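Tertiary structure, described
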Amino acid sequence: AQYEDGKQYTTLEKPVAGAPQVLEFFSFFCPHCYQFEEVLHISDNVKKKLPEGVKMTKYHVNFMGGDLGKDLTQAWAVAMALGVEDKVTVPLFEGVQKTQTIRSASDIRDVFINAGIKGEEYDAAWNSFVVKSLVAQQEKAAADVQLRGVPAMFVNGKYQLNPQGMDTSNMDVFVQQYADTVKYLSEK
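Per the PDB record, this model was obtained through X-ray crystallography at a reported resolution of 2.5210 Å.

Helix and strand content of the chain: eight helices and five strands. From first element to last, N terminus to C terminus, the chain shows the α and β order β-β-α-α-β-α-α-α-α-α-β-β-α. What you see for the chain is a C-alpha radius of gyration of 17 Å, in line with the 16 Å of a compact globule of 188 residues. With the C-alpha coordinates aligned to their principal axes, the bounding extent of the chain is approximately 55 × 35 × 30 Å. Within the chain, buried positions represent 43% of all 188 residues.

Our focus in this paragraph is the state of the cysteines. Enumeration over the complete set of coordinates arrives at one disulfide. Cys30 shares a disulfide with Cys33; S-S distance 2.0 Å. The sign of the 75° torsion about the S-S bond sets the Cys30-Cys33 disulfide as right-handed.

Further remarks concern the sheet that holds strand β2 (residues 22-26). Spatial strand order, β1-β5-β4-β2-β3: five strands in an open sheet with mixed pairing. Where the open sheet ends on each side, the last strands, each with one partner, are β1 (9-11) and β3 (56-60). Each neighbouring strand pair of the sheet contributes to a mean axis angle of 25°, computed without reference to strand direction. Summarising the sheet, β1 and strand β5 (residues 159-161) pair through three bridges and their orientation is antiparallel. For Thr10, the partnering residue across the bridge sits in β5 and is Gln160. Against the sheet, helix α3 (residues 66-82) touches β2 and β3, its axis set at about 150° to β3.

Moving on: the nonpolar core. Within the largest apolar cluster, 42 residues are counted, with the highest numbers of intra-cluster contacts made by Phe25, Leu92, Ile108 and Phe112. Counting residues per element, the ones that place at least two in this core are β2, α1 (31-38), α3, α4 (85-98), α5 (105-114), α6 (119-127), α7 (129-144) and β4 (152-155). Ranked by the residues each element gives to this core, the list is headed by α3, at eight residues. Other than its neighbours up to four places away in sequence, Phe25 contacts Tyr59, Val61, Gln138, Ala141, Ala142, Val145, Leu147, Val150, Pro151, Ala152 and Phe154. By size, the runner-up hydrophobic cluster in this structure holds 18 residues, among which are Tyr9, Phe36, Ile42 and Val175.

Another point: the packing of α3 against α7. Across the interface, α3 lies against α7 with an axial gap of 9 Å and an inter-helix angle of 115°. For the pair α3 and α7, the crossing hand works out as right-handed. Contacts from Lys70, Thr73, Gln74, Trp76, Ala77, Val78, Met80 and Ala81 in α3 reach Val131, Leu134, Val135, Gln138 and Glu139 in α7. For the contact of α3 with α7, the per-class residue count stands at eight nonpolar, three polar and two charged.

Attention now moves to the pairing of β2. Among the five residues that make up β2, five are buried, leaving the element largely enclosed by the rest of the structure. Burial along β2 is two-sided: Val22, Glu24 and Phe26 and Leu23 and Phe25, pointing in opposite directions, are all buried. Bridge count between β2 and β3: five bridges; the pairing is parallel. Residue pairing across strands places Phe26 opposite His60, the latter belonging to β3.

Now for the packing of aromatic side chains. Under the definition given, this model contains 16 aromatic pairs. Geometrically, the ring pair formed by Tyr9 and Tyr184 is tilted, given 6.1 Å between the ring centres and 50° between the ring planes. In this pair, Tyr9 is assigned in strand β1 and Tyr184 in helix α8 (residues 171-186), connecting sequence segments 175 residues apart. Residue classification places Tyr9 among the buried positions, given a relative accessible area of 4%. For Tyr184, a relative accessible area of 25% puts it in the partly exposed group. With 5.5 Å between their ring centres and 85° between their planes, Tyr34 and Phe93 make a pair best called edge-to-face. Of the two residues, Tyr34 is situated in helix α1 and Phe93 in helix α4; the sequence distance between them amounts to 59 residues. The same class applies to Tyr34 as to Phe93, namely buried. Three or more aromatic residues joined by ring pairs make a cluster, and in this case those are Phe26, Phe28, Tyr34, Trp76 and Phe93. Looking at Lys58, its charged tip hangs above the ring of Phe26, at a distance of 5.8 Å from the centre. Lying across the ring of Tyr159, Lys188 places its NZ or CZ 5.8 Å from the centre.

Quick notes on the rules
Residues numbered from 1 in each chain as written, not as in the entry; some residues may be left out. Heavy atoms only, no water. Helix = DSSP H or I, 4+ residues; strand = E, 2+ residues; numbered from the N terminus. Rg over C-alpha atoms; globule rule 2.2 N^0.38 Å. Buried < 20%, exposed > 50% of the residue type's maximum accessible area, 1.4 Å probe, protein only. Disulfide = S-S within 2.5 Å. Pairing = 2+ DSSP bridges. Axes fitted to C-alpha atoms, helices over the stretch in contact; angles between N-to-C directions. Contact = heavy atoms within 4.5 Å. Core = buried A, V, L, I, M, F, W, Y, C linked by side-chain atoms within 4.5 Å. Left-handed = near helix turned anticlockwise from the far one by under 90°. Nonpolar A, V, L, I, M, F, W, Y, C, P; charged D, E, K, R; others polar. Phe/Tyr/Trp six-rings, centres within 6.5 Å; stacked < 30°, edge-to-face > 60°. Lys NZ or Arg CZ within 6 Å of the ring centre and 35° of its normal.

The following block contains the structure:
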């Protein structure tokens, strides 16, 4: 074929029922995630190719960056609840990996503060149980695919994008190839 298992994707031996249709995993410590985010714009180019009715979920993971890593997953929960993903993603990435100015939960908070979220509003959300469950979800979803590496994308809980079977000569062609694969798996 042109798309075969073990090539542009892999199949999960243990398929995850009722999973979000298009599901992405990342870490703000994850170097490829960084390049996935602000040089490749993967999530975004995948949206521009997905069908009618399809929903995209993005979750942080804990297993990079240790104690900060966890704070970052809770902080992403806050991002999701407050609907500010688009306003923190870049300064969070740049704060961990470019400038190294994020070293404590407090530095994470600053990003949100400087991005315009209100202190009391952030703290409230941070400490809220809607956020607790959102952290819980982020973790359960990862556990359900026994996830060990990021970036990762899962389609319909059944398939896993395998970027290392696509070519990296031209980045724009990588994106196109990646996104098209998602569209393929989506229709499967």
